[PDB]
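A.B. asks: Next up is a structure, given as structure tokens.
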Amino acid sequence: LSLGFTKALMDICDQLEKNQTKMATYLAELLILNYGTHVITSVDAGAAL
Amino acid sequence: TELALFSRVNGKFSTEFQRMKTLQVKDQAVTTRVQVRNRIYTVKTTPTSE
Ligand SMILES: *[C@@H]1O[C@H](CO)[C@@H](O)[C@H](O)[C@H]1NC(C)=O
């Protein structure tokens, strides 16, 4: 994983260990808003016209 | 026309001409071009900036 991704992830994990559900779920929502709902594992470098 | 040898010898030609030539040319050209270009090359802010 990237650096920022791991940062956000272990941040939510510290929120869950810190039992703060509200801030935790909001941080997860921010994560999904900030990193999209899917990670790409394949693209096709090309062009079209 | 007219003629005689006794009482009534004359001449007449009341010739007439009426001509009326009218032309009406009417030309109307109209051109209208519209053309539009677009390019994009996007940019996002990193999710961890301050
Ligand atoms: C966390 O919150 C839950 C629910 O309020 C509570 O039962 C628990 O004692 C809290 N602490 C830990 C360490 O789970």
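Neighbour counts are summed over all protein chains in view; Cβ atoms, including those assigned to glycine, are modelled from backbone coordinates with ideal geometry. The numbers here are math on the coordinates, done by the rules we state, and not lab data.
A.B. asks: Please give every one of the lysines within straight-line cross-link reach of A:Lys18, meaning a C-alpha to C-alpha distance under 24 Å, and leave out same-chain neighbours fewer than 8 residues apart.
C.D. replies: Partners within reach: A:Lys7.
A.B. asks: Taking every alpha carbon pair in chain B, what does the distance histogram look like in 5 angstrom bins from 0, in percent?
C.D. replies: 4, 7, 7, 6, 5, 6, 5, 5, 4, 5, 4, 4, 4, 4, 4, 3, 3, 3, 2, 3, 2, 3, 2, 2, 2, 2, 1
A.B. asks: Still on this structure, please answer the following. With unit charges on the beta carbons (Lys and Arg positive, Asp and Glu negative) and the dipole taken about the Cα centre of chain A, which residue among A:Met10, A:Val43, A:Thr21 sits farthest to the positive side?
C.D. replies: A:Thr21
A.B. asks: May I ask for the angle, rounded to the nearest 10°, between helix A:21-35 and the longest principal axis of chain A, with both axes built from Cα atoms and the value confined to 0 to 90°?
C.D. replies: Approximately 10 degrees, to the nearest ten.
A.B. asks: Shielding by partners for B:18-31, please: the mean number of other protein chain Cβ atoms within 10 Å of each residue's Cβ. Write out the running numbers ahead of the final one.
C.D. replies: On the way: counts 0, 0, 0, 0, 0, 0, 0, 0, 0, 0, 0, 0, 0, 0.
Average per residue, whole number: 0.
A.B. asks: Can I ask one more? Report, as an integer, the average count of C-beta atoms from other chains found within 10 Å of each Cβ along B:40-47.
C.D. replies: On the way: counts 0, 0, 0, 0, 1, 1, 2, 10.
Mean inter-chain Cβ contacts per residue within 10 Å come to 2.
A.B. asks: Place +1 on the Cβ of every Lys and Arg and -1 on the Cβ of every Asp and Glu in chain B, take the dipole about the Cα centre, and give the residue among B:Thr31, B:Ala4, B:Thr42 whose Cα lies farthest towards its positive end.
C.D. replies: Ranked along the dipole, the leading option is B:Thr42.
A.B. asks: Is there a quick way to get the dipole size of the protein assembly as shown? I mean about its Cα centre, with the Cβ of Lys and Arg at +1 and of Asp and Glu at -1; what is the value in debye to the nearest 20?
C.D. replies: 1020
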